[PDB]
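Participant: Chains as they are written, first to last, in the authors' numbering: chain A, 10 to 374; chain A', 10 to 374; chain B, 116 to 278; chain B', 116 to 278. A prime marks a further copy of an entry chain.
I'd like to ask you about the structure that follows.
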DNA sequence: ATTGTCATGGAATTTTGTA
DNA sequence: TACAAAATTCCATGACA
DNA sequence: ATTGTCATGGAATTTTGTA
DNA sequence: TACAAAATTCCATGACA
Ligand SMILES: COc1cc2c(cc1Cc1cccc(Cl)c1F)c(=O)c(C(=O)O)cn2[C@H](CO)C(C)C
Ligand SMILES: COc1cc2c(cc1Cc1cccc(Cl)c1F)c(=O)c(C(=O)O)cn2[C@H](CO)C(C)C
Ligand SMILES: [Mg+2]
Ligand SMILES: [Mg+2]
Ligand SMILES: [Mg+2]
Ligand SMILES: [Mg+2]
Ligand SMILES: [Mg+2]
Ligand SMILES: [Mg+2]
Ligand SMILES: [N+]
Ligand SMILES: [N+]
Ligand SMILES: [Zn+2]
Ligand SMILES: [Zn+2]
């Protein structure tokens, strides 16, 4: 219908006059700068697009270029984009081209024992029949306990933490979501002691960074001690623990041990500045050192970042994606924006999931 | 000796007068802004440093801070740095903090068949008993051949390339250093045809980027075709090949097929601009299109890059580093700087190795 | 009307039965109408099935607008018809017994036969392995008219193996 | 001369034989001289070997400048001597039979005994599991003098489990 | 002797149809 | 001879294990 | 409901010892 | 009231699989 009057020379919103709209083979044609193109009827158009796109599932420009060979009509890209937004396959397969916003730098825990971060390293080469190391970093001081285990398992973790929590009980233990800690046995152990468990977002180690960064120090120091020799880490663990707790951070200008104790034990090169002050005068200088520690601010956002908006179509990264399968889940919607980097989504389907944005892409179109 | 006259108040190059240098417990002491420090004799000093450093194998500042607790002397950091340069263990274990210089963007091969890049994808899920795909990208056009194989093996590769090289023989075949191509059987096949073999630097896929980037397109298109269905890639390969060779690059504004043939086959949405020109007039417009393609320039260097200098101490990344072992080889020296990103080193020991700088760190101190 | 171009017509034919080579018996012959570019495919039988397998191979590279052939049982089959209809290829048959094709094509379609025989005497068991070398040879022969190789007409460049 | 500080002296002693708990028989007692902080370690015997295993554990956290003890066979041993010499710990022994230690330490070293007995009656088989709860309890008891917990004197903070 | 690449979709820029 | 909106070009982001 | 971190060694900056 | 060189602080880079 809307193509009869055009041949008759009448104006139709969107079709520039000055180009002559003739007829050949019973198809409406137009003579354009780029060439002679067929204008298909409105009803035919969505079909045409889908076909162009389906040749290789190409994005906006690549699809348009195909279509432009044979056809013209007004606002072509509009119909293309519309179609791409509805292609299940591309939505779940294509990568992001938008990076997540700047990371946050959570405030340092205020007092020691406010927060422990924990994690397992390994499997390592069998040393004395032990394969894994439980690592416990105090959040405030960076002080670290090491425990060797036979498996990254709740029972092992409890055994070690029972020893540890003789010195003191923490307010909060932060861990990743590995079977060891997500177990109901662990929750129960913690609830017995009034220790709050808190979990990183799934598949996101940045959140456990205070521990994970310490695993690297451990693994690097052990390695160095083992050059030449057979990998016999078991007997070294204590030495590494002591070594590390007593190492200066060039930025803080203190060792974990210092920040925990306000005075050095009887180790090599023990600092002697406070030797003249009563323990009391020592303990309050320490009180003050701890508050005035360096603290990083968040970096600037990259030119093409994105932030989660409540109610935004969003997709979550597939966990352990099989070979040849899509790298993304179907779309889901943002429910609460907890901070600019953590989000609650209604997923597949429909459970509440607390996820990191690094594991999300904003569904496009 | 050089400590007697100092107590006697005489000047010794490097020891600032204005600080009083007294004696206690038979150790020379000085009263400094920071506190009261022991000055050890020259002969004792290297020992002292080594000990500080060996507690945790700490770098410059972290080692210095330990030493500064008990001792002072002139130019402390100088002796520290000297020691760190000689610590075998740290040299081979510590990471880099210097990134390699900007990548190069090699000139696009001039004519088709000047250069093929090749590579194997997989293992994939068994489809018709086939597990691997041989991918062949023509350097100039981006045109791509796909061949399914049972193993990423010379024999397979030869079989497929015998079929391919019926169309035309390339000047140069570029590949990675995987067993398939580094085999003497392959060298011999190539020498039979006057095809020059050329190899990426070991453990560096950027060099095969023209292929590797195409593997991604293949894997992504196959994936999309397989949503819902069982992974039956064998029958799809041809369709993907055709699909891909006929897809526009939004930057070039052409399909591989176009750049190889200068005219579209009988596919969907085949371009018809040249329909009026003789084949000759077509073939020379093509000649000209090919020369005038977009070509990227190299990006700017990051503030902290490094370049290889002939004769520079340099270390090569360990291949398949075992658990708990050093991530770096012992030091080796640069022999020729081939371009700012590829280097010839005398290694372990001593063979000539042509390596990429991404797989090197400049030995520090 | 519009000048002759590659992929406008593909002239196909069967050659054989030949002596068995690697358990193959026939060659499918595919010459491009415009350029004289030739593809050879080894088959076990002059059947629709074998044709389709072979042409599936060829049509990952390029799809002709028209395939021309004689009225051989393998081409006049209804499977083959549906095959071409799928790909939007138009089928064109010579009348039976007076099997015309392009003058340039005959010139070519004749060379191959000569070339294959020169090869088949003395080495009748090994012809499978030499097909690529044969192909490269036909595609890089100077046409006495035009004086471009088929290779040159298809790719608009000199070949790395010239004859 | 210089004021008393944590890690200056560690007073160590053995308690037991106790009823077998998880196949353990003795507790090694380690009280910090300055703070009154207490560490307990379960052992199978009051032997040098057991002491060393236990104290290796403690000395990954902190190394005392001086360990004080009675002249028990386990401490006066030459292995134990070399052990401490390795770590640069000075060994200090009370004269035999008149075994003095700090006034604050006795106060403490006495509490433990009382506490352990209150626990050992009614539950003599299970004392291994309760050691941590016992420790937390001693370390977070108000000193009648100073009125800081040992916990507070060691860490300069309030504890999350107060008594 | 050897060397990164390029589809993708918002955003930035340029062109278009009309005055 | 200057406008809004469409068309095009720019280009950071990420994936080839 | 939760959140990146920090040793390392050149380079950039600030302080020091002396006038 | 000003210099060269030492001491210190800055900070991108990379690794916790
Ligand atoms: C980074 O880890 C990789 C190691 C790869 C590959 C790919 C990647 C990821 C990556 C892939 C492709 C392109 C780019 Cl530029 C890229 F960064 C190969 O693709 C490949 C082959 O045999 O083809 C062999 N390797 C081996 C190790 O098994 C070595 C060459 C390290
Ligand atoms: C990026 O790939 C990783 C996945 C990791 C981990 C580490 C890395 C590399 C990495 C490591 C440490 C810190 C940072 Cl900041 C970092 F980037 C763990 O360390 C870990 C654990 O169980 O402790 C579990 N995962 C699992 C997958 O098996 C998931 C959490 C993805
Ligand atoms: Mg873990
Ligand atoms: Mg970890
Ligand atoms: Mg490979
Ligand atoms: Mg690859
Ligand atoms: Mg026939
Ligand atoms: Mg005793
Ligand atoms: N925070
Ligand atoms: N080049
Ligand atoms: Zn799609
Ligand atoms: Zn070292």
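Ideal Cβ positions, reconstructed from N, Cα and C, are used throughout, including at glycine.
Where does residue 371 of chain A fall in DSSP's three states?
Facilitator: Residue numbering aside, residue 371 of chain A sits at position 362 when the first chain is read from its first letter. In this structure, residue 371 of chain A counts as strand in the three-state DSSP scheme.
Participant: Got a sec: does ligand 5 put a non-hydrogen atom nearer than 8 Å to the Cβ of residue 303 of chain A?
Facilitator: Looking up residue 303 of chain A in the first chain gives position 294. For ligand 5, not one heavy atom lies less than 8 Å from the Cβ of residue 303 of chain A.
Participant: Please classify residue 213 of chain A: does DSSP put it in a helix, a strand, or coil?
Facilitator: Against the first chain, residue 213 of chain A aligns to sequence position 204. Residue 213 of chain A: coil per DSSP, three-state reduction.
Participant: Residue 157 of chain B' lies in the beta strand (DSSP E); which residues open and close that run?
Facilitator: As a working mapping, residue 157 of chain B' is identified with position 42 in the fourth chain. Per DSSP, residue 157 of chain B' belongs to the beta strand (DSSP E) from 153 to 158.
Participant: Rounded to a whole number of angstroms, what is the C-alpha to C-alpha distance between residue 321 of chain A and residue 155 of chain A'?
Facilitator: Working through the first chain from its first residue, we reach residue 321 of chain A at position 312. Working through the second chain from its first residue, we reach residue 155 of chain A' at position 146. Approximately 40 Å, taken between the alpha carbons.
Participant: Quick one: any contact between the stretch 27 to 39 of chain A' and the stretch 133 to 149 of chain A, if contact means 3 or more CB pairs under 8 Å?
Facilitator: Result no; under three Cβ-Cβ pairs closer than 8 Å.
Participant: I'd like to know if residue 178 of chain B' contacts chain A, where contact means its C-beta is closer than 9 Å to some C-beta of that chain.
Facilitator: What you label residue 178 of chain B' is simply residue 63 of the fourth chain in a count that begins at 1. Chain A, which has a Cβ nearer than 9 Å to the Cβ of residue 178 of chain B', makes this yes.
Participant: Are the stretch 242 to 260 of chain B and the stretch 144 to 155 of chain B touching by the rule of at least three beta carbon pairs closer than 8 Å?
Facilitator: Touching, per the Cβ criterion.
Participant: Going by DSSP, what residues sit across from residue 315 of chain A' in a beta bridge?
Facilitator: For this step, residue 315 of chain A' is matched to residue 306 along the second chain. Answer is A':109, bridged to residue 315 of chain A'.
Participant: Which residues in the same chain have their Cβ closer than 8 Å to the Cβ of residue 112 of chain A, if we skip the five residues on either side of it in sequence?
Facilitator: Here residue 112 of chain A refers to the residue found at position 103 of the first chain. Correct list, in chain order: 215, 307, 308 and 350.
Participant: At the level of alpha carbons, what is the spacing between residue 265 of chain B' and residue 174 of chain A?
Facilitator: For the purposes of this step, residue 265 of chain B' is taken as the residue at position 150 of the fourth chain. For the purposes of this step, residue 174 of chain A is taken as the residue at position 165 of the first chain. Looking at the two C-alpha atoms, the distance is approximately 15 Å.
Participant: Are the CB atoms of residue 231 of chain A and residue 333 of chain A' nearer to each other than 9 Å?
Facilitator: Start at 1 with the first residue of the first chain, and residue 231 of chain A comes out as number 222. Start at 1 with the first residue of the second chain, and residue 333 of chain A' comes out as number 324. The answer is yes: Cβ separation under 9 Å.
Participant: How many Å lie between residue 15 of chain A and residue 86 of chain A at the Cα?
Facilitator: If you number the first chain from 1, residue 15 of chain A lands on position 6. If you number the first chain from 1, residue 86 of chain A lands on position 77. Cα-Cα distance, rounded: 22 Å.
Participant: Would you mind working out which of A':120, A':97, A':158 and A':41 sits nearest residue 129 of chain A', comparing C-alpha positions?
Facilitator: Position 120 of the second chain, counting from 1, holds the residue named residue 129 of chain A'. Residue 129 of chain A' has its Cα closest to that of A':158, out of A':120, A':97, A':158 and A':41.
Participant: Kindly identify the DSSP beta-bridge partner or partners of residue 295 of chain A.
Facilitator: Against the first chain, residue 295 of chain A aligns to sequence position 286. Looking at the DSSP assignment, residue 295 of chain A forms no beta bridge with any residue, so it has no partner.
Participant: The beta strand (DSSP E) spanning residue 182 of chain B' covers which residue range?
Facilitator: Numbered from its first residue, the fourth chain carries residue 182 of chain B' at position 67. Run containing residue 182 of chain B': 181 to 184, per the beta strand (DSSP E) assignment.
Participant: For residue 117 of chain B, count neighbouring C-beta atoms within 10 Å of its own C-beta (all shown protein chains included) and say buried if the count is 16 or more, exposed if not.
Facilitator: As a working mapping, residue 117 of chain B is identified with position 2 in the third chain. Residue 117 of chain B should be labelled exposed.
Participant: Relative to chain B, which residues along the stretch 37 to 71 of chain A' have a C-beta separation below 7 Å, given in chain order?
Facilitator: Cβ contacts with chain B come from no residue of the stretch 37 to 71 of chain A'.
Participant: Quick check on residue 137 of chain B - is its C-beta less than 9 Å from some C-beta in chain A'?
Facilitator: Within the third chain, the letter at position 22 stands for residue 137 of chain B. So, not an interface residue.
Participant: Can you tell me which of the three DSSP states residue 198 of chain B' falls into?
Facilitator: Sequence index remark: in the fourth chain, residue 198 of chain B' carries index 83 (1-based). DSSP places residue 198 of chain B' in helix when its eight states are reduced to three.
Participant: Buried or exposed for residue 120 of chain B', please, with buried defined as at least 16 other CB atoms from any protein chain shown within 10 angstroms of its CB.
Facilitator: Taking the first residue of the fourth chain as 1, we reach residue 120 of chain B' at position 5. Residue 120 of chain B' should be labelled buried.
Participant: Using a Cβ-Cβ distance under 9 Å, would residue 266 of chain B' count as near chain A?
Facilitator: Position 151 of the fourth chain, counted from the first residue, corresponds to residue 266 of chain B'. So, interface residue.
Participant: Tell me the DSSP bridge mates of residue 205 of chain B?
Facilitator: Along the third chain, one-based indexing puts residue 205 of chain B at 90. Its beta-bridge partners are B:181.
Participant: Find the residues of chain A that neighbour residue 250 of chain B', judging by a C-beta separation of less than 9 Å, and give them in chain order.
Facilitator: For the purposes of this step, residue 250 of chain B' is taken as residue 135 along the fourth chain, with counting starting at 1. Those are 175 and 176, listed as they occur along chain A.
Participant: Taking the beta carbon of residue 88 of chain A as the centre, do at least 16 other beta carbons fall within 10 Å, making it buried, or is it exposed?
Facilitator: Here residue 88 of chain A is taken as the residue at index 79 of the first chain, counted from 1. Per the 10 Å Cβ criterion, buried.
Participant: Name the chain A' residues whose beta carbon is nearer than 7 Å to that of residue 334 of chain A?
Facilitator: Mapped onto the first chain, residue 334 of chain A falls at position 325. Chain A' residues near residue 334 of chain A: 232.
Participant: Using a Cβ-based criterion (distance less than 8 Å to any ligand heavy atom), does residue 147 of chain A qualify as near ligand 5?
Facilitator: What you label residue 147 of chain A is simply residue 138 of the first chain in a count that begins at 1. No, the Cβ of residue 147 of chain A stays beyond 8 Å of every heavy atom of ligand 5.
Participant: Quick one: complete alpha helix (DSSP H) runs, 4+ long, within the stretch 16 to 66 of chain A?
Facilitator: Fully enclosed alpha helix (DSSP H) runs of 4 or longer: 51 to 63.
Participant: Residue 183 of chain B' and residue 124 of chain B' - do their beta-carbons sit closer together than 9 Å?
Facilitator: Taking the fourth chain and counting its residues from 1, one reaches residue 124 of chain B' at position 9. Taking the fourth chain and counting its residues from 1, one reaches residue 183 of chain B' at position 68. Cβ distance < 9 Å, so residue 124 of chain B' and residue 183 of chain B' count as in contact.
Participant: Between residue 116 of chain A' and ligand 10, is the CB less than 8 Å from at least one heavy atom?
Facilitator: Here residue 116 of chain A' corresponds to residue number 107 of the second chain, with the count starting at 1. Checking the Cβ of residue 116 of chain A' against ligand 10 gives yes.
Participant: Is it true that the stretch 218 to 236 of chain A meets the stretch 94 to 107 of chain A', where meeting means three or more beta-carbon pairs spaced less than 8 Å apart?
Facilitator: Yes: at least three Cβ pairs fall under 8 Å.
Participant: Output the boundary residues of the alpha helix (DSSP H) element that contains residue 232 of chain B.
Facilitator: For the purposes of this step, residue 232 of chain B is taken as residue 117 along the third chain, with counting starting at 1. From DSSP, the alpha helix (DSSP H) with residue 232 of chain B extends over 218 to 235.
Participant: By the three-class DSSP mapping on this structure, what secondary structure does residue 86 of chain A' have?
Facilitator: As a first step, residue 86 of chain A' must be located in the second chain, where it is residue number 77. Three-state result, residue 86 of chain A': helix.
Participant: Between the stretch 143 to 173 of chain A' and chain B, which residues of the former have CB atoms less than 7 Å from a CB of the latter, in chain order?
Facilitator: Result list: 171.
Participant: Within 9 Å (strictly less), CB to CB, does residue 280 of chain A reach chain B'?
Facilitator: Along the first chain, one-based indexing puts residue 280 of chain A at 271. So no, residue 280 of chain A is outside the interface.
Participant: What residues from the stretch 92 to 111 of chain A' come within 8 Å of chain A, judged by C-beta to C-beta, listed N to C?
Facilitator: Per Cβ criterion, the list reads 97, 98, 99, 101, 102 and 103.
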